[PDB]
Every structure is written in C-alpha cells, then in structure tokens.
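work-v6.pdb follows (PDB, N, CA, C and O atoms):
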```pdb
ATOM      1  N   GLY A   1       0.826  -1.238   0.000
ATOM      2  CA  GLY A   1       0.000   0.000   0.000
ATOM      3  C   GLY A   1       0.841   1.261   0.000
ATOM      4  O   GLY A   1       0.717   2.097  -0.895
ATOM      5  N   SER A   2       1.701   1.398   1.006
ATOM      6  CA  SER A   2       2.566   2.568   1.120
ATOM      7  C   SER A   2       3.974   2.167   1.547
ATOM      8  O   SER A   2       4.934   2.908   1.331
ATOM      9  N   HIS A   3       4.089   0.990   2.155
ATOM     10  CA  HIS A   3       5.380   0.490   2.615
ATOM     11  C   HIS A   3       6.335   0.285   1.442
ATOM     12  O   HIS A   3       6.151  -0.623   0.632
ATOM     13  N   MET A   4       7.356   1.133   1.362
ATOM     14  CA  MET A   4       8.342   1.045   0.290
ATOM     15  C   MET A   4       9.749   1.292   0.826
ATOM     16  O   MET A   4      10.571   0.378   0.882
ATOM     17  N   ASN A   5      10.015   2.534   1.218
ATOM     18  CA  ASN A   5      11.321   2.906   1.750
ATOM     19  C   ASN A   5      11.177   3.618   3.089
ATOM     20  O   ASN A   5      11.539   3.075   4.134
ATOM     21  N   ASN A   6      10.644   4.838   3.050
ATOM     22  CA  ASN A   6      10.449   5.631   4.258
ATOM     23  C   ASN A   6      11.772   5.856   4.984
ATOM     24  O   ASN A   6      12.840   5.525   4.467
ATOM     25  N   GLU A   7      11.693   6.422   6.183
ATOM     26  CA  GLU A   7      12.882   6.692   6.981
ATOM     27  C   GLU A   7      12.809   5.980   8.329
ATOM     28  O   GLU A   7      13.695   6.137   9.169
ATOM     29  N   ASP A   8      11.747   5.198   8.523
ATOM     30  CA  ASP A   8      11.545   4.460   9.769
ATOM     31  C   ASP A   8      11.406   5.417  10.949
ATOM     32  O   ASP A   8      12.372   6.057  11.354
ATOM     33  N   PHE A   9      10.195   5.498  11.495
ATOM     34  CA  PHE A   9       9.906   6.385  12.623
ATOM     35  C   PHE A   9      10.858   6.155  13.796
ATOM     36  O   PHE A   9      11.072   7.052  14.613
ATOM     37  N   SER A  10      11.429   4.958  13.875
ATOM     38  CA  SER A  10      12.345   4.615  14.960
ATOM     39  C   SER A  10      13.707   5.285  14.789
ATOM     40  O   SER A  10      14.504   5.331  15.726
ATOM     41  N   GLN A  11      13.971   5.801  13.593
ATOM     42  CA  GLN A  11      15.250   6.449  13.307
ATOM     43  C   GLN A  11      15.131   7.972  13.268
ATOM     44  O   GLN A  11      16.143   8.673  13.275
ATOM     45  N   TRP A  12      13.904   8.485  13.226
ATOM     46  CA  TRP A  12      13.695   9.932  13.184
ATOM     47  C   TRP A  12      14.171  10.593  14.473
ATOM     48  O   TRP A  12      13.738  10.230  15.567
ATOM     49  N   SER A  13      15.067  11.569  14.335
ATOM     50  CA  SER A  13      15.602  12.284  15.488
ATOM     51  C   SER A  13      15.179  13.749  15.464
ATOM     52  O   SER A  13      14.343  14.151  14.656
ATOM     53  N   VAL A  14      15.762  14.540  16.358
ATOM     54  CA  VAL A  14      15.445  15.961  16.448
ATOM     55  C   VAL A  14      15.788  16.693  15.152
ATOM     56  O   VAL A  14      14.914  17.272  14.507
ATOM     57  N   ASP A  15      17.064  16.663  14.778
ATOM     58  CA  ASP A  15      17.527  17.332  13.566
ATOM     59  C   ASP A  15      16.767  16.852  12.332
ATOM     60  O   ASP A  15      16.550  17.616  11.393
ATOM     61  N   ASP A  16      16.365  15.586  12.339
ATOM     62  CA  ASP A  16      15.638  15.010  11.214
ATOM     63  C   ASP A  16      14.267  15.659  11.043
ATOM     64  O   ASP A  16      13.951  16.194   9.981
ATOM     65  N   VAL A  17      13.460  15.614  12.099
ATOM     66  CA  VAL A  17      12.117  16.183  12.063
ATOM     67  C   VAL A  17      12.143  17.685  11.801
ATOM     68  O   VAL A  17      11.436  18.180  10.925
ATOM     69  N   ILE A  18      12.961  18.404  12.563
ATOM     70  CA  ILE A  18      13.066  19.854  12.425
ATOM     71  C   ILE A  18      13.453  20.272  11.008
ATOM     72  O   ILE A  18      12.688  20.954  10.327
ATOM     73  N   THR A  19      14.644  19.868  10.575
ATOM     74  CA  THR A  19      15.141  20.215   9.244
ATOM     75  C   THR A  19      14.084  20.004   8.162
ATOM     76  O   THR A  19      13.711  20.946   7.461
ATOM     77  N   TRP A  20      13.605  18.771   8.026
ATOM     78  CA  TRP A  20      12.600  18.452   7.018
ATOM     79  C   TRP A  20      11.350  19.313   7.182
ATOM     80  O   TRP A  20      10.811  19.832   6.206
ATOM     81  N   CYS A  21      10.896  19.461   8.422
ATOM     82  CA  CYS A  21       9.702  20.248   8.717
ATOM     83  C   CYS A  21       9.825  21.675   8.190
ATOM     84  O   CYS A  21       9.094  22.078   7.288
ATOM     85  N   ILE A  22      10.754  22.431   8.766
ATOM     86  CA  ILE A  22      10.978  23.821   8.376
ATOM     87  C   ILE A  22      11.158  23.973   6.867
ATOM     88  O   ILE A  22      10.440  24.738   6.222
ATOM     89  N   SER A  23      12.113  23.234   6.314
ATOM     90  CA  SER A  23      12.410  23.296   4.885
ATOM     91  C   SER A  23      11.183  22.997   4.021
ATOM     92  O   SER A  23      11.202  23.232   2.813
ATOM     93  N   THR A  24      10.122  22.480   4.634
ATOM     94  CA  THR A  24       8.911  22.150   3.886
ATOM     95  C   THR A  24       7.662  22.800   4.480
ATOM     96  O   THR A  24       6.567  22.636   3.944
ATOM     97  N   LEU A  25       7.819  23.541   5.575
ATOM     98  CA  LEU A  25       6.671  24.178   6.215
ATOM     99  C   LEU A  25       6.468  25.606   5.721
ATOM    100  O   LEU A  25       5.492  25.892   5.028
ATOM    101  N   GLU A  26       7.384  26.503   6.074
ATOM    102  CA  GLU A  26       7.267  27.896   5.655
ATOM    103  C   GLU A  26       8.621  28.502   5.294
ATOM    104  O   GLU A  26       8.881  28.814   4.130
ATOM    105  N   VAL A  27       9.477  28.668   6.297
ATOM    106  CA  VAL A  27      10.792  29.265   6.092
ATOM    107  C   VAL A  27      11.896  28.213   6.058
ATOM    108  O   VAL A  27      11.628  27.016   5.973
ATOM    109  N   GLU A  28      13.141  28.678   6.116
ATOM    110  CA  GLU A  28      14.301  27.795   6.106
ATOM    111  C   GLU A  28      14.871  27.661   7.512
ATOM    112  O   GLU A  28      14.295  28.178   8.470
ATOM    113  N   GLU A  29      16.003  26.975   7.641
ATOM    114  CA  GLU A  29      16.626  26.793   8.945
ATOM    115  C   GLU A  29      17.346  28.064   9.385
ATOM    116  O   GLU A  29      18.574  28.144   9.354
ATOM    117  N   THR A  30      16.562  29.060   9.785
ATOM    118  CA  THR A  30      17.098  30.334  10.247
ATOM    119  C   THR A  30      16.267  30.868  11.406
ATOM    120  O   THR A  30      16.799  31.254  12.448
ATOM    121  N   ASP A  31      14.954  30.885  11.204
ATOM    122  CA  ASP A  31      14.014  31.361  12.212
ATOM    123  C   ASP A  31      14.074  30.484  13.464
ATOM    124  O   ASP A  31      14.309  29.278  13.367
ATOM    125  N   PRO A  32      13.872  31.074  14.663
ATOM    126  CA  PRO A  32      13.902  30.333  15.936
ATOM    127  C   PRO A  32      12.968  29.122  15.954
ATOM    128  O   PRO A  32      12.949  28.363  16.925
ATOM    129  N   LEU A  33      12.190  28.948  14.887
ATOM    130  CA  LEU A  33      11.263  27.822  14.782
ATOM    131  C   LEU A  33      11.977  26.504  15.083
ATOM    132  O   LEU A  33      11.372  25.558  15.594
ATOM    133  N   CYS A  34      13.268  26.454  14.767
ATOM    134  CA  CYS A  34      14.074  25.262  15.002
ATOM    135  C   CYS A  34      14.306  25.045  16.493
ATOM    136  O   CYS A  34      14.250  23.917  16.982
ATOM    137  N   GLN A  35      14.566  26.135  17.208
ATOM    138  CA  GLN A  35      14.804  26.069  18.645
ATOM    139  C   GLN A  35      13.581  25.524  19.376
ATOM    140  O   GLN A  35      13.704  24.666  20.250
ATOM    141  N   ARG A  36      12.406  26.025  19.008
ATOM    142  CA  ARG A  36      11.159  25.588  19.628
ATOM    143  C   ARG A  36      10.966  24.082  19.476
ATOM    144  O   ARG A  36      10.798  23.366  20.463
ATOM    145  N   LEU A  37      10.992  23.610  18.233
ATOM    146  CA  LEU A  37      10.822  22.187  17.953
ATOM    147  C   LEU A  37      11.909  21.358  18.631
ATOM    148  O   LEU A  37      11.678  20.211  19.014
ATOM    149  N   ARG A  38      13.094  21.945  18.777
ATOM    150  CA  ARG A  38      14.216  21.258  19.406
ATOM    151  C   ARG A  38      13.969  21.048  20.897
ATOM    152  O   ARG A  38      14.327  20.009  21.453
ATOM    153  N   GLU A  39      13.360  22.041  21.541
ATOM    154  CA  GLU A  39      13.068  21.958  22.969
ATOM    155  C   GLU A  39      12.224  20.727  23.278
ATOM    156  O   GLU A  39      12.661  19.829  23.997
ATOM    157  N   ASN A  40      11.015  20.691  22.730
ATOM    158  CA  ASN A  40      10.118  19.564  22.945
ATOM    159  C   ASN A  40      10.557  18.366  22.112
ATOM    160  O   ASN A  40      10.127  18.201  20.970
ATOM    161  N   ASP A  41      11.430  17.543  22.682
ATOM    162  CA  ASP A  41      11.928  16.359  21.992
ATOM    163  C   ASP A  41      10.778  15.432  21.605
ATOM    164  O   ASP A  41      10.208  14.744  22.452
ATOM    165  N   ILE A  42      10.439  15.427  20.319
ATOM    166  CA  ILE A  42       9.356  14.591  19.815
ATOM    167  C   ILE A  42       9.825  13.734  18.643
ATOM    168  O   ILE A  42      10.380  14.246  17.670
ATOM    169  N   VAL A  43       9.599  12.429  18.744
ATOM    170  CA  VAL A  43       9.992  11.502  17.691
ATOM    171  C   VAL A  43       8.947  11.478  16.579
ATOM    172  O   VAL A  43       7.818  11.935  16.766
ATOM    173  N   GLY A  44       9.330  10.953  15.420
ATOM    174  CA  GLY A  44       8.415  10.886  14.295
ATOM    175  C   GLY A  44       7.173  10.071  14.599
ATOM    176  O   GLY A  44       6.125  10.271  13.985
ATOM    177  N   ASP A  45       7.291   9.150  15.549
ATOM    178  CA  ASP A  45       6.171   8.296  15.936
ATOM    179  C   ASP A  45       5.180   9.054  16.812
ATOM    180  O   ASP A  45       4.033   8.636  16.976
ATOM    181  N   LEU A  46       5.628  10.171  17.371
ATOM    182  CA  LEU A  46       4.786  10.983  18.240
ATOM    183  C   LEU A  46       4.286  12.236  17.528
ATOM    184  O   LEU A  46       3.560  13.040  18.115
ATOM    185  N   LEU A  47       4.675  12.404  16.268
ATOM    186  CA  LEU A  47       4.245  13.565  15.494
ATOM    187  C   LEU A  47       2.721  13.605  15.363
ATOM    188  O   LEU A  47       2.104  14.630  15.652
ATOM    189  N   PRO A  48       2.079  12.496  14.925
ATOM    190  CA  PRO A  48       0.620  12.442  14.780
ATOM    191  C   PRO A  48      -0.093  12.526  16.126
ATOM    192  O   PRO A  48      -1.316  12.647  16.186
ATOM    193  N   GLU A  49       0.684  12.459  17.205
ATOM    194  CA  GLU A  49       0.134  12.524  18.554
ATOM    195  C   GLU A  49       0.103  13.961  19.062
ATOM    196  O   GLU A  49      -0.655  14.292  19.975
ATOM    197  N   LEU A  50       0.933  14.811  18.465
ATOM    198  CA  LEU A  50       1.015  16.213  18.860
ATOM    199  C   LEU A  50      -0.319  16.926  18.670
ATOM    200  O   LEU A  50      -0.799  17.611  19.575
ATOM    201  N   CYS A  51      -0.906  16.766  17.488
ATOM    202  CA  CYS A  51      -2.183  17.401  17.169
ATOM    203  C   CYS A  51      -2.046  18.920  17.181
ATOM    204  O   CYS A  51      -1.002  19.454  17.553
ATOM    205  N   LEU A  52      -3.105  19.618  16.778
ATOM    206  CA  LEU A  52      -3.088  21.079  16.743
ATOM    207  C   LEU A  52      -2.851  21.663  18.132
ATOM    208  O   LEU A  52      -2.592  22.857  18.276
ATOM    209  N   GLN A  53      -2.943  20.817  19.155
ATOM    210  CA  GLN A  53      -2.732  21.259  20.530
ATOM    211  C   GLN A  53      -1.249  21.481  20.805
ATOM    212  O   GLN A  53      -0.821  22.598  21.100
ATOM    213  N   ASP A  54      -0.468  20.409  20.706
ATOM    214  CA  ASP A  54       0.970  20.484  20.942
ATOM    215  C   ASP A  54       1.658  21.293  19.849
ATOM    216  O   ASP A  54       2.623  22.013  20.109
ATOM    217  N   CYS A  55       1.156  21.170  18.625
ATOM    218  CA  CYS A  55       1.718  21.890  17.488
ATOM    219  C   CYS A  55       1.621  23.395  17.698
ATOM    220  O   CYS A  55       2.624  24.107  17.618
ATOM    221  N   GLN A  56       0.412  23.878  17.963
ATOM    222  CA  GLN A  56       0.196  25.300  18.185
ATOM    223  C   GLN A  56       0.979  25.766  19.407
ATOM    224  O   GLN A  56       1.409  26.916  19.482
ATOM    225  N   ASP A  57       1.162  24.856  20.361
ATOM    226  CA  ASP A  57       1.910  25.157  21.575
ATOM    227  C   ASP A  57       3.381  25.363  21.239
ATOM    228  O   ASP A  57       4.081  26.140  21.887
ATOM    229  N   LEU A  58       3.833  24.653  20.213
ATOM    230  CA  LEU A  58       5.213  24.735  19.758
ATOM    231  C   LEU A  58       5.472  26.069  19.063
ATOM    232  O   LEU A  58       6.620  26.444  18.822
ATOM    233  N   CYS A  59       4.394  26.780  18.746
ATOM    234  CA  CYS A  59       4.495  28.078  18.089
ATOM    235  C   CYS A  59       4.096  29.197  19.049
ATOM    236  O   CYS A  59       3.401  28.959  20.036
ATOM    237  N   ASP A  60       4.544  30.414  18.754
ATOM    238  CA  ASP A  60       4.235  31.568  19.592
ATOM    239  C   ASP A  60       2.727  31.784  19.693
ATOM    240  O   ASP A  60       2.243  32.419  20.630
ATOM    241  N   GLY A  61       1.990  31.251  18.723
ATOM    242  CA  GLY A  61       0.545  31.397  18.720
ATOM    243  C   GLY A  61       0.005  31.803  17.363
ATOM    244  O   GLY A  61      -0.728  32.784  17.248
ATOM    245  N   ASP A  62       0.369  31.045  16.332
ATOM    246  CA  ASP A  62      -0.078  31.332  14.972
ATOM    247  C   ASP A  62      -0.706  30.098  14.331
ATOM    248  O   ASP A  62      -0.050  29.067  14.176
ATOM    249  N   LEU A  63      -1.979  30.213  13.954
ATOM    250  CA  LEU A  63      -2.703  29.117  13.333
ATOM    251  C   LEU A  63      -1.985  28.612  12.090
ATOM    252  O   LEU A  63      -1.630  27.439  12.005
ATOM    253  N   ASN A  64      -1.771  29.511  11.133
ATOM    254  CA  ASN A  64      -1.100  29.166   9.883
ATOM    255  C   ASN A  64       0.080  28.226  10.116
ATOM    256  O   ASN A  64       0.356  27.349   9.298
ATOM    257  N   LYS A  65       0.765  28.402  11.242
ATOM    258  CA  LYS A  65       1.911  27.569  11.577
ATOM    259  C   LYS A  65       1.479  26.147  11.920
ATOM    260  O   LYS A  65       1.848  25.193  11.235
ATOM    261  N   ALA A  66       0.697  26.015  12.987
ATOM    262  CA  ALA A  66       0.216  24.710  13.433
ATOM    263  C   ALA A  66      -0.587  24.000  12.348
ATOM    264  O   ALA A  66      -0.299  22.856  12.000
ATOM    265  N   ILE A  67      -1.599  24.685  11.824
ATOM    266  CA  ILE A  67      -2.454  24.121  10.786
ATOM    267  C   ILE A  67      -1.636  23.522   9.641
ATOM    268  O   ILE A  67      -1.811  22.355   9.292
ATOM    269  N   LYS A  68      -0.744  24.321   9.057
ATOM    270  CA  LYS A  68       0.093  23.850   7.954
ATOM    271  C   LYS A  68       1.028  22.738   8.418
ATOM    272  O   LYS A  68       1.362  21.834   7.654
ATOM    273  N   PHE A  69       1.444  22.818   9.676
ATOM    274  CA  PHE A  69       2.349  21.831  10.254
ATOM    275  C   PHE A  69       1.702  20.445  10.287
ATOM    276  O   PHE A  69       2.164  19.516   9.622
ATOM    277  N   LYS A  70       0.627  20.319  11.062
ATOM    278  CA  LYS A  70      -0.092  19.055  11.192
ATOM    279  C   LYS A  70      -0.466  18.486   9.824
ATOM    280  O   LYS A  70      -0.424  17.273   9.615
ATOM    281  N   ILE A  71      -0.831  19.366   8.896
ATOM    282  CA  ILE A  71      -1.210  18.946   7.551
ATOM    283  C   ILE A  71      -0.069  18.208   6.859
ATOM    284  O   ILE A  71      -0.201  17.039   6.500
ATOM    285  N   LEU A  72       1.043  18.912   6.663
ATOM    286  CA  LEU A  72       2.209  18.333   6.008
ATOM    287  C   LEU A  72       2.546  16.973   6.595
ATOM    288  O   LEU A  72       3.052  16.094   5.897
ATOM    289  N   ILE A  73       2.262  16.801   7.881
ATOM    290  CA  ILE A  73       2.533  15.536   8.542
ATOM    291  C   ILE A  73       1.627  14.438   7.999
ATOM    292  O   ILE A  73       2.069  13.315   7.762
ATOM    293  N   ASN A  74       0.355  14.774   7.803
ATOM    294  CA  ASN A  74      -0.615  13.821   7.276
ATOM    295  C   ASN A  74      -0.178  13.316   5.905
ATOM    296  O   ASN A  74      -0.371  12.145   5.572
ATOM    297  N   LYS A  75       0.413  14.208   5.116
ATOM    298  CA  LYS A  75       0.886  13.855   3.780
ATOM    299  C   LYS A  75       2.058  12.883   3.860
ATOM    300  O   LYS A  75       2.147  11.938   3.076
ATOM    301  N   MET A  76       2.955  13.123   4.810
ATOM    302  CA  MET A  76       4.126  12.274   4.992
ATOM    303  C   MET A  76       3.722  10.877   5.456
ATOM    304  O   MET A  76       4.399   9.892   5.155
ATOM    305  N   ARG A  77       2.616  10.798   6.188
ATOM    306  CA  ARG A  77       2.122   9.524   6.695
ATOM    307  C   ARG A  77       1.515   8.688   5.571
ATOM    308  O   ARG A  77       1.833   7.508   5.421
ATOM    309  N   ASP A  78       0.641   9.309   4.784
ATOM    310  CA  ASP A  78      -0.011   8.626   3.672
ATOM    311  C   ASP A  78       0.936   8.495   2.485
ATOM    312  O   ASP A  78       0.686   7.724   1.559
ATOM    313  N   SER A  79       2.022   9.264   2.522
ATOM    314  CA  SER A  79       3.025   9.254   1.458
ATOM    315  C   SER A  79       2.439   9.770   0.147
ATOM    316  O   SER A  79       1.221   9.870  -0.005
ATOM    317  N   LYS A  80       3.315  10.099  -0.797
ATOM    318  CA  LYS A  80       2.883  10.610  -2.093
ATOM    319  C   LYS A  80       3.976  10.426  -3.144
ATOM    320  O   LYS A  80       4.982  11.136  -3.140
ATOM    321  N   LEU A  81       3.770   9.465  -4.041
ATOM    322  CA  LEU A  81       4.733   9.185  -5.099
ATOM    323  C   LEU A  81       4.245   9.733  -6.436
ATOM    324  O   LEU A  81       4.772  10.724  -6.942
ATOM    325  N   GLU A  82       3.233   9.083  -7.005
ATOM    326  CA  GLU A  82       2.672   9.505  -8.283
ATOM    327  C   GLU A  82       1.359   8.781  -8.562
ATOM    328  O   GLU A  82       1.347   7.712  -9.174
ATOM    329  N   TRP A  83       0.257   9.373  -8.111
ATOM    330  CA  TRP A  83      -1.064   8.788  -8.303
ATOM    331  C   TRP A  83      -2.072   9.854  -8.716
ATOM    332  O   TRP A  83      -3.280   9.617  -8.716
ATOM    333  N   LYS A  84      -1.563  11.028  -9.069
ATOM    334  CA  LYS A  84      -2.410  12.137  -9.487
ATOM    335  C   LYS A  84      -2.351  12.327 -11.000
ATOM    336  O   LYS A  84      -1.303  12.655 -11.553
ATOM    337  N   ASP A  85      -3.484  12.115 -11.661
ATOM    338  CA  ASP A  85      -3.564  12.266 -13.109
ATOM    339  C   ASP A  85      -4.405  13.484 -13.486
ATOM    340  O   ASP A  85      -3.820  14.571 -13.674
TER
END
```
Just give me the structure as structure tokens.
Amino acid sequence: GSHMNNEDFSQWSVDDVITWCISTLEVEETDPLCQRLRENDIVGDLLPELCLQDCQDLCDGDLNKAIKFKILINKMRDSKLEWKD
C-alpha cells in the first residue's frame, strides 16, 4: 500500500524532524522555529500525537503555523509518489 522505503519512525531524530519540517513548512533553517521544535523532543512516531494542541503550543501562537504543520505531517504519513492524473 505505502510500505516502500520511508525513513523508519524509529530512526527519526530531532535534527531530522526539524530540518525536514521547516524546509517544507514555511521558512528555512534560520528562524527560531528550530529552537522551539528542538526543545520539545518529539519523535516521528509521536508527530501524529502532537495534534493542533501540541503543534500550536510549539508556536508563539499562529494558526497558519500549526495548521500547515499538522497537515504536512498527514501527507508524509499517507506518502505521495505519483497517483495524481
């Protein structure tokens, strides 16, 4: 179904989640957004557990941040190779 390569949630670390997140969320690895995510040590297996609650908490208080954050995560879970015609 979706099992192909992935990065294995058991191998996802701080730098892994942060880097990929930021580089695909809004800005690059410059904004303090990295520091925030770094504080709350969360593994890739706990990402879907954060929800808009922990996500928004990870931000100063901006919907666009959390909303877009949790979303991008859903895409990474269901994966996306090439099924759009």
- [ ] Tell me, as a list in words, which residues lie within 7 Å of range 72-81 of chain A, counting all atoms listed in the file; anything in the same chain fewer than 4 positions away does not count.
- [x] residues 1, 2, 24, 66, 67 and 68 of chain A
Open item on the list: With the PyMOL selection byres ((chain A and resi 10-23) around 7) as the selection, what would be picked from this file? Answer as a PyMOL selection string, please.
Closed with: chain A and resi 7-9+24-29+33-34+37-38+41-45
Please write the residues from the selection above to a file, keeping N, CA, C and O atoms, as a short mmCIF file (atom, residue, chain, number, x, y, z; two decimals), in the coordinates of the input.
```
data_model
loop_
_atom_site.label_atom_id
_atom_site.label_comp_id
_atom_site.auth_asym_id
_atom_site.auth_seq_id
_atom_site.Cartn_x
_atom_site.Cartn_y
_atom_site.Cartn_z
N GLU A 7 11.69 6.42 6.18
CA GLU A 7 12.88 6.69 6.98
C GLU A 7 12.81 5.98 8.33
O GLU A 7 13.70 6.14 9.17
N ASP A 8 11.75 5.20 8.52
CA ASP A 8 11.54 4.46 9.77
C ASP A 8 11.41 5.42 10.95
O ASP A 8 12.37 6.06 11.35
N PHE A 9 10.20 5.50 11.50
CA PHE A 9 9.91 6.38 12.62
C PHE A 9 10.86 6.16 13.80
O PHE A 9 11.07 7.05 14.61
N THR A 24 10.12 22.48 4.63
CA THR A 24 8.91 22.15 3.89
C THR A 24 7.66 22.80 4.48
O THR A 24 6.57 22.64 3.94
N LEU A 25 7.82 23.54 5.58
CA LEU A 25 6.67 24.18 6.22
C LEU A 25 6.47 25.61 5.72
O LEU A 25 5.49 25.89 5.03
N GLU A 26 7.38 26.50 6.07
CA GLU A 26 7.27 27.90 5.66
C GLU A 26 8.62 28.50 5.29
O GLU A 26 8.88 28.81 4.13
N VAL A 27 9.48 28.67 6.30
CA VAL A 27 10.79 29.26 6.09
C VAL A 27 11.90 28.21 6.06
O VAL A 27 11.63 27.02 5.97
N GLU A 28 13.14 28.68 6.12
CA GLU A 28 14.30 27.80 6.11
C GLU A 28 14.87 27.66 7.51
O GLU A 28 14.30 28.18 8.47
N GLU A 29 16.00 26.98 7.64
CA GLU A 29 16.63 26.79 8.94
C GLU A 29 17.35 28.06 9.38
O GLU A 29 18.57 28.14 9.35
N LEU A 33 12.19 28.95 14.89
CA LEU A 33 11.26 27.82 14.78
C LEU A 33 11.98 26.50 15.08
O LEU A 33 11.37 25.56 15.59
N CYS A 34 13.27 26.45 14.77
CA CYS A 34 14.07 25.26 15.00
C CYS A 34 14.31 25.04 16.49
O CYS A 34 14.25 23.92 16.98
N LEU A 37 10.99 23.61 18.23
CA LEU A 37 10.82 22.19 17.95
C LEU A 37 11.91 21.36 18.63
O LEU A 37 11.68 20.21 19.01
N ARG A 38 13.09 21.94 18.78
CA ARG A 38 14.22 21.26 19.41
C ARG A 38 13.97 21.05 20.90
O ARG A 38 14.33 20.01 21.45
N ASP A 41 11.43 17.54 22.68
CA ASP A 41 11.93 16.36 21.99
C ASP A 41 10.78 15.43 21.60
O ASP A 41 10.21 14.74 22.45
N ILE A 42 10.44 15.43 20.32
CA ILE A 42 9.36 14.59 19.82
C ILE A 42 9.82 13.73 18.64
O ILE A 42 10.38 14.25 17.67
N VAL A 43 9.60 12.43 18.74
CA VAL A 43 9.99 11.50 17.69
C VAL A 43 8.95 11.48 16.58
O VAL A 43 7.82 11.94 16.77
N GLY A 44 9.33 10.95 15.42
CA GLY A 44 8.41 10.89 14.30
C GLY A 44 7.17 10.07 14.60
O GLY A 44 6.12 10.27 13.98
N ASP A 45 7.29 9.15 15.55
CA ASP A 45 6.17 8.30 15.94
C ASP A 45 5.18 9.05 16.81
O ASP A 45 4.03 8.64 16.98
#
```
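Taking CA of residue 71 in chain A and CA of residue 53 in chain A as the two end points, the separation is 13.3 Å.
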Task: Atom-to-atom span, CA of residue 61 in chain A and CA of residue 36 in chain A, Å - done: 12.1 Å
Open item on the list: Could you go through chain A and tell me which residues DSSP, when run on the backbone, assigns to alpha helix (DSSP H), listing them as a VMD selection string?
Closed with: chain A and resid 14 to 25 33 to 39 47 to 57 63 to 78
TODO: Could you please determine the separation between atom O of residue 47 in chain A and atom O of residue 69 in chain A in Å, to one decimal place?
DONE: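 Computing it gives 7.8 Å between the two atoms.
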Task: Nearest residue to residue 48 in chain A from the set A:84, A:65, A:70, A:3 (distances using only N, CA, C and O atoms) - done: A:70
